[PDB]
Amino acid sequence: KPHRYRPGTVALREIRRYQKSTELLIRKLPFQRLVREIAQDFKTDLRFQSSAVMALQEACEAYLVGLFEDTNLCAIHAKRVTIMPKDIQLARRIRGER
Amino acid sequence: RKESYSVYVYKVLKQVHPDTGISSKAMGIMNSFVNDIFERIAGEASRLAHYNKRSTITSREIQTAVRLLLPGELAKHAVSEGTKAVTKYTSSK
Amino acid sequence: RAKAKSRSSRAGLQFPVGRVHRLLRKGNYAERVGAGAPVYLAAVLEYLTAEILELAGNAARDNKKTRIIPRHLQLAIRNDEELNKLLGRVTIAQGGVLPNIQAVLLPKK
Amino acid sequence: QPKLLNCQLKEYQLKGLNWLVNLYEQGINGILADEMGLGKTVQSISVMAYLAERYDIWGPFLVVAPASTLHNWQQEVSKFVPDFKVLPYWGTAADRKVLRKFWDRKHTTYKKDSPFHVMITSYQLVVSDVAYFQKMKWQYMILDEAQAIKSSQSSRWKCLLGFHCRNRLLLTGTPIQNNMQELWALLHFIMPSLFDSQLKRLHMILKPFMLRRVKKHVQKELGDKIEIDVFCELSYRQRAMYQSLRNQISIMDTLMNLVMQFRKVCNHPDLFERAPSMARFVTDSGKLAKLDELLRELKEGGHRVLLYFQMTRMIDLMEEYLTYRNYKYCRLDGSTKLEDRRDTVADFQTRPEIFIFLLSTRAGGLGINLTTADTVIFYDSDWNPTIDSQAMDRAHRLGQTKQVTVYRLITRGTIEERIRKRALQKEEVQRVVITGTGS
Amino acid sequence: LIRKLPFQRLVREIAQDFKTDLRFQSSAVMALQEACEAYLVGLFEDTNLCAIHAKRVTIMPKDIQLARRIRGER
Amino acid sequence: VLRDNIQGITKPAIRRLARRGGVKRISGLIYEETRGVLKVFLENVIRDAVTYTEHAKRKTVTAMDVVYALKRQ
Amino acid sequence: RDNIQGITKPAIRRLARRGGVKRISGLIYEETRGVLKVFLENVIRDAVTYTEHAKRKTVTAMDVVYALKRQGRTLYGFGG
DNA sequence: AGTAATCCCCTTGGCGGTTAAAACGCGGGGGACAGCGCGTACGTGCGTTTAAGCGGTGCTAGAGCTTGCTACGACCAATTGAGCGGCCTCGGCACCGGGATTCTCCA
DNA sequence: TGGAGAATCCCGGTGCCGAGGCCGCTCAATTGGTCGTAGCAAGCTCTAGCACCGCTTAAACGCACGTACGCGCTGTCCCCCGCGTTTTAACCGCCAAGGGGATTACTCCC
Ligand SMILES: Nc1ncnc2c1ncn2[C@@H]1O[C@H](COP(=O)(O)OP(=O)(O)O)[C@@H](O)[C@H]1O
Ligand code: ALF
Ligand SMILES: [Mg+2]
């Protein structure tokens with residue numbers, strides 16, 4: 001029989017890994033292509049500096065990491081340990097994005 | 001020819017922590033921090049002059065700006081540092 | 001033609017009272033810039049730079065590092081209540097986050 | 001002569017070395033203005049090898065060339081002194097940064113151990129890296145085809161003027177070019193203490209500062225440039241366009257536009273707007289018809305041909321025509337990278353299966369050998385006559401294997417007439433302003 | 001909604017910390033009151049969503065604290 | 001000196017403000033929590049409004065000083 | 001094209017770990033992709049507006065930083 | 001003074017591989033969620049009393065505006081040295097490996 | 001309580017690349033004098049902010065009391081986690097291209 005950590009144990013071990021670190025968590029090349037797509041939707045035959053798509057990635061990831069915190073507090077404010085779409089929808093409505 | 005605060009940041013760093021270095025990316029955030037707070041103060045000083053109908057950005061404008069933009073204890077310590085720097089610029093030339 | 005000594009040296013500052021005078025003019029914040037206004041501002045810019053780097057040098061020392069890193073700036077800025085209030089809408093490149101796990105998430109007995 | 005050369009100088013080149021040495025030892029500058037193909041790139045090496053063997057100067061020597069010539073220098077310098085140490089300062093910025101590591105400032109005269117004696121670079125690099133070319137001092141400078149300097153308003157004149165160089169030598173094909181102030185820029189460059197800012201007196205004051213031998217007196221085995229100004233004729237499509245475009249002159253009062261727009265359709269109407277078949281494409285240009293006929297006659301003759309174009313888009317259209325027929329070819333224009341220039345010139349010179357070389361007038365005209373061609377066709381002509389002369393003498397050159405012939409595809413009745421007439425005038429004027437060996 | 005006189009006295013009481021014997025223009029009080037009522041109304045909205053999200057209908061102090069925490073007021 | 005005037009925003013007033021926010025039912029602990037919210041807000045408005053007042057060396061706080069304090073929120 | 005699907009499930013997981021989240025409904029992932037692109041659809045259009053109004057045919061790092069700063073998300077490190 | 005060629009540089013695109021990250025399958029566990037019972041805590045209504053609101057009176061602090069001038073900043077030309085771009089190097093930090101200590105889970 | 005084993009830490013070694021200091025120079029900060037004006041100063045006007053009184057009645061408070069709703073408990077089931085397998089595309093490097101921006105040449109027009 002294999003040894004097995006319980007459900008939720010490695011979620012905590014992962015939290016302690018992605019907190020306490022600074023690496024970018026979205027893969028570089030996929031984010032570039034999404035940015036180029038959204039750029040095409042606004043102005044064709046644009047170009048981007050490397051530091052422009054880096055600057056744009058850093059702002060996005062910080063926005064999503066900071067958003068999840070507010071949804072975790074919504075989840076934890078209900079009885080739940082699990083975040084659900086209605087927590088994002090409440091968080092963004094309290095923030096005033098929604 | 002670009003211009004940077006890096007040499008002035010180093011000469012503050014080597015005062016507060018003469019042993020301690022700074023990485024270029026950290027120095028970049030120091031440039032961004034100085035630029036952002038310089039412009040935030042000057043922006044309020046502009047508005048304080050504008051509100052008063054005055055053509056001059058005095059040290060009085062920057063004092064009232066500093067007491068608006070900074071938290072209560074950073075405000076008082078900064079106002080202290082600023083008021084003595086001017087008081088030693090005055091009584092020189 | 002006397003031997004020039006910088007307006008910073010006379011004010012007693014590292015930060016450049018000259019650039020702060022020019023930049024207060026180039027930005028056209030107002031028509032006229034007082035003589036002491038660049039001095040007062042250059043002193044506050046120098047002071048706040050020391051506040052950041054004092055706490056960040058401590059945090060660098062805690063990490064057993066000789067050299068300050070964007071991580072240490074974030075830790076300093078968020079640990080100090082007033083820097084955190086001064087920068088509560090600023091994202092720092094490669095700052096990361098504070099280690100913070102909500103109490104309910106830690107395992108039961 | 002310096003035994004370091006591992007080569008003989010020719011008779012005329014040895015007197016040329018003596019002149020160049022005399023100017024150096026007397027502390028004065030001059031122009032080596034020998035006719036194209038007589039060997040100025042060799043006399044330039046001989047004086048460095050003398051400064052090595054006679055005085056152990058061993059550099060630093062700066063050698064500034066047009067970009068397509070830079071491999072001609074790199075190779076021939078290595079030939080005419082096997083022991084010289086050559087720095088090839090060209091490439092991307094990162095490559096030049098790696099090359100610049102060898103610019104020792106600390107010795108103003110280089111030891112024979114120094115990592116170079118001679119440095120070859122582009123007329124664009126000396127202006128692009130000027131801040132690095134300043135903060136340096138040169139024992140000698142060659143400007144390898146100095147008619148590039150002839151505009152005193154050019155930055156490459158303003159910059160190279162002040163490089164802190166103890167002596168300077170210009171090589172040129174014919175220095176007189178458009179006029180006399182455009183000569184003074186070359187004279188001021190070498191001797192700004194003397195010249196600062198009647199046509200009988202010049203011959204007696206340029207003589208100390210110029211040497212100007214000519215290929216009737218030198219290399220007599222290079223039989224004359226047989227030439228056929230063809231005076232071919234428009235075709236129906238071109239003349240419909242030409243008349244519709246010449247009508248614009250009647251409406252006018254814009255030749256600054258139209259002379260190009262006229263010469264575009266003089267070359268091929270598909271440059272203006274494209275037609276679907278080779279029968280139309282060959283025959284709807286009077287030039288391309290007469291060219292295709294002549295190329296057939298030449299290929300049956302076993303000739304190998306250089307075609308010069310003024311418009312690079314015509315090198316594309318000609319390259320369609322060539323690929324739609326049986327002809328193996330090379331291309332060399334100002335869009336090519338320098339290694340492509342090196343190899344295509346070497347490829348053409350390697351093997352006689354290649355029929356035709358397409359060359360742009362300027363990028364392909366200036367200064368590297370094509371001595372296994374035998375026929376030169378100006379499909380279009382340079383409106384400065386001197387540049388067509390350099391192009392002709394890339395074939396008509398020392399080592400030229402066979403009797404050269406030259407063709408020029410003048411379209412009768414077009415704006416092409418004005419251009420070759422005025423080139424004919426200007427080459428006459430240029431022989432008013434010079435005739436005589438110099439020294 | 002708030003009674004005018006006890007808001008004036010609240011304003012006076014608060015202001016006395018910063019400068020003794022300030023004066024307040026009558027319009028300046030209303031500009032503070034109309035901002036405070038609008039701020040409290042707009043916060044109770046955000047708390048009511050927190051209650052409704054936690055399946056309560058009765059708003060509770062942890063709803064105010066969650067509203068402010070997400071608005072960044074704390 | 002004045003004191004305890006934060007009890008001048010009564011509990012019915014907090015009801016009206018909550019009902020205007022759509023609240024159906026109100027915990028009895030809200031009423032003191034609302035005062036800890038209003039006080040921390042109204043302090044940091046008036047701090048700026050007075051800082052704008054005294055800069056012009058005046059003594060009445062004007063509606064313009066309030067507007068500039070709110071504009072700093 | 002749908003490079004929004006290139007914001008994969010593990011990446012959204014990693015971001016939620018840094019956000020301190022223990023357990024994630026599988027419905028969160030498609031919600032998070034919708035939220036991310038609505039962010040990018042505002043920052044890039046302002047960053048492009050800067051490049052267009054300043055008459056350049058490339059987008060620089062500082063165009064983004066002005067675009068962020070103008071929407072209240074000041075970024076230090078990329079100029080700024 | 002114009003327009004076209006030439007040449008630099010820097011961004012985009014493609015090709016190959018290699019391996020690290022994403023996707024997929026599957027058991028089970030424990031957390032989401034509906035259901036239940038109670039009890040206490042909030043909404044309602046009434047009688048009480050408290051002071052907010054209004055109309056009216058009185059005073060003076062000080063907001064707001066004009067006059068007069070000189071102290072202070074704008075403007076220019078000559079001087080110079082503080083600050084930037086380029087080049088070099090060695091030491092700090094990362095990355096690895098291997099044994100030591102810690103923590104988690106089923107017994 | 002123990003134990004096994006995975007996961008996290010530590011200690012020393014390796015090496016590489018970026019931090020810290022040096023060098024040349026330019027151009028931006030400083031010195032010196034001029035000149036205009038604005039805002040600091042003294043002075044008048046009267047607005048409106050503060051204070052007090054007295055009345056009215058609508059708003060606030062204390063209390064009774066019913067029942068609507070918050071909260072801990074119980075049961076279930078479904079669905080997201082932990083771990084092995086399969087596979088795909090992100091990363092790296094190297095070559096091409098093209099494009100654009102600066103410069104240079106030559107002619108026509110003024
Ligand atoms: N003395 C010589 N011995 C052998 N070859 C020579 C000599 N002089 C010139 N050549 C050849 O003449 C050819 C063209 O000479 P070059 O100097 O390049 O002409 P240009 O005057 O246009 O530079 C070169 O290939 C060179 O090898
Ligand atoms: F001197 Al030449 F082509 F004539 F290089
Ligand atoms: Mg030559």
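Only the coordinates and a few stated rules stand behind these numbers; no lab work does. For neighbour counting, all protein chains shown are included, and Cβ atoms are generated from backbone atoms with ideal geometry for every residue, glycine included.
If you sort the three axes of the alpha carbon gyration tensor as a ≥ b ≥ c, you get a/c of 1.5 or more for the protein assembly as shown and a/b above b/c, which makes it prolate. Restriction of the chymotrypsin sites (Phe, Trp or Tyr not before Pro) in chain A to DSSP coil positions whose beta-carbon has at most 11 other beta-carbons within 10 angstrom yields A:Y5. Ranking of D:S122, D:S197, B:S4, D:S152 by neighbouring Cβ atoms within 10 Å, starting from the fewest: D:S197, B:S4, D:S152, D:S122.
Using only Cα atoms, locate the centre of the range D:8-65 and the centre of the range G:30-55, then give the distance between them in Å, rounded to an integer. Computed from Cα coordinates, the inter-centre distance equals 64 Å. For the range D:352-417 versus the range D:273-326, the spacing of their alpha-carbon centroids is 15 Å. Here the Karplus relation 6.51 cos²θ - 1.76 cosθ + 1.60, evaluated at θ = phi - 60°, turns the backbone of the range D:53-70 into coupling constants of 6, 8, 9, 6, 6, 6, x, x, 10, 9, 9, 9, 10, x, 4, 5, 8, 4 Hz, with x for every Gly and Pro.
If you rank D:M191, D:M311 by fewest surrounding Cβ atoms within 10 Å, what's the result?
Working: D:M191 15, D:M311 19.
Ordered by Cβ neighbours within 10 Å, fewest first: D:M191, D:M311.
Computed 3J(HN,Hα) for the range D:203-214, one whole-Hz value per residue from the Karplus formula 6.51 cos²θ - 1.76 cosθ + 1.60 where θ = phi - 60°, is 3, 9, 10, 6, 3, x, 10, 9, 10, 8, 7, 9, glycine and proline marked x. Angle, helix G:9-18 long axis vs. longest principal axis of chain G, Cα atoms, 0 to 90°, nearest 10? Helix G:9-18 sits at roughly 80 degrees to that axis. Ellipticity at 222 nm from helices only: DSSP H runs of n ≥ 4 in chain C, each -39500 (n - 2.57), divided by the residue count, give -16000 deg cm²/dmol.
The loop-placed GluC sites (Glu not before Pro) in the range D:325-424, going by DSSP, that have at most 11 neighbouring Cβ atoms within 10 Å of their Cβ come out as D:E353. About the centre of its Cα atoms, the range G:1-78 shows a dipole size close to 340 debye [charges on the beta carbon of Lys, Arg (+1) and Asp, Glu (-1) only; nearest 20 debye]. Pairs spanning more than 25 Å between alpha-carbon atoms, out of A:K43/B:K25; D:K328/D:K421; D:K15/D:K79; D:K264/D:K290; B:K2/D:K106; E:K19/F:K71: A:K43/B:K25; D:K328/D:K421; B:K2/D:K106. Using a ≥ b ≥ c from the Cα gyration tensor of the range D:270-363 (square roots of the eigenvalues), is it rounded, prolate or oblate, where a/c under 1.5 gives rounded and otherwise the larger of a/b and b/c decides, a/b for prolate? Because a/c hits 1.5 or more and a/b fails to exceed b/c, the range D:270-363 counts as oblate. The tail of the calculated P(r) for chain A, taken as Cα-Cα distances beyond 20 Å, holds 57 percent of the pairs. Amide H contacts for D:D382 (H built 1.01 Å from N in the peptide plane; partners 5 or more residues away or on another chain; cut-off under 5 Å): D:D388.
Amide H to amide H, with H built 1.01 Å from N, C:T91 comes under 5 Å of G:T74, G:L75, G:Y76, counting only residues 5 or more places away or on other chains. The sum of -39500 (n - 2.57) across all DSSP H runs of n ≥ 4, divided by the residue count of chain D, sets its helix-only mean residue ellipticity at 222 nm to -12500 deg cm²/dmol.
Amide H to amide H distances under 5 Å link E:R23 with F:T60, F:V61, where only residues 5 or more positions off or on other chains count and H is placed in the peptide plane. Taking the Cα centre of each part, how many Å lie between the range C:1-35 and the range A:20-98? Rounded to whole Å, the Cα centres lie 42 Å apart. Computed over chain B, the per-residue total of -39500 (n - 2.57) for DSSP H runs of n ≥ 4 gives a 222 nm mean residue ellipticity of -25000 deg cm²/dmol, rounded to 500. Here the 3J(HN,Hα) profile of the range F:64-70, calculated from phi with Karplus coefficients 6.51, -1.76 and 1.60 at θ = phi - 60°, is 5, 5, 4, 4, 5, 5, 4 Hz, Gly and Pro shown as x.
Using the Cα gyration tensor of chain G, with a ≥ b ≥ c the square roots of its eigenvalues, what is the shape: rounded (a/c below 1.5), prolate (a/b larger than b/c) or oblate (neither)?
Values: a/c = 2.97, a/b = 1.95, b/c = 1.52.
Prolate shape, in that a/c is at least 1.5 and a/b is the bigger ratio.
Taking neighbour Cβ counts within 10 Å as the exposure measure, how do D:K85, D:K207 sort from fewest upward? Taking fewest neighbouring Cβ atoms as first place, the list is D:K207, D:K85.
Test of the criteria: in the range C:3-38, which trypsin sites (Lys or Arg not before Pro) are in a DSSP loop and have at most 10 other Cβ atoms within 10 angstrom of their Cβ?
Values: sites: C:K3, C:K5, C:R7, C:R10, C:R19, C:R22, C:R25, C:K26, C:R32; in loops: C:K3, C:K5.
In loop regions of the range C:3-38 (DSSP not H, G, I, E or B), the sparsely surrounded trypsin sites (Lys or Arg not before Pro) are C:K3, C:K5.
Compute the angle between helix A:9-18 and the longest alpha-carbon principal axis of chain A, please, reported from 0 to 90 degrees and rounded to the nearest 10. Around 30 degrees separate the two axes.
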